[PDB]
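Residue numbers (UniProt numbering): 4 to 96. We put the CB at the ideal spot given by N, CA and C, even for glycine. Only one structure is covered here, and it is reproduced in the block below.
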């Protein structure tokens, strides 16, 4: 699937539960994995609008080359059946 070899840290606790679950199944059904914790194996971190990252988390992200993206990155990649340009979905741009 389009998310093969992607490991997403999910920080989307302010989304409705149905959307959180749909994010998870969209990721799993398309070859990806997710965790709720940020670690060096994460390739991506998905961040809803209301969630924030500490300086520690930002330092880890930079160190491990983690891509910061909003939920639209997942939604739109699924909709277009193609992994999109994650750089177009960076809230911390």
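In the DSSP assignment, the alpha helix (DSSP H) including residue i goes from what residue to what residue?
i	result
residue 26	20-32
Look at residue i and residue j and say whether their C-beta atoms are less than 8 Å apart.
i	j	result
residue 74	residue 26	yes
residue 56	residue 6	no
residue 48	residue 12	yes
residue 71	residue 50	yes
residue 62	residue 45	no
Assign residue i to one of two classes, buried (16 or more other C-beta atoms within 10 Å of its C-beta) or exposed (fewer than that).
i	result
residue 80	buried
residue 53	exposed
residue 90	exposed
residue 29	buried
Just reading off the beta strand (DSSP E) that residue i is part of, what are its end residues?
i	result
residue 10	10-14
Practice item. Please specify which runs of the alpha helix (DSSP H), each continuous and at least 4 residues long, are wholly inside the region 38-96, giving them in chain order. Key: 58-66, 75-83
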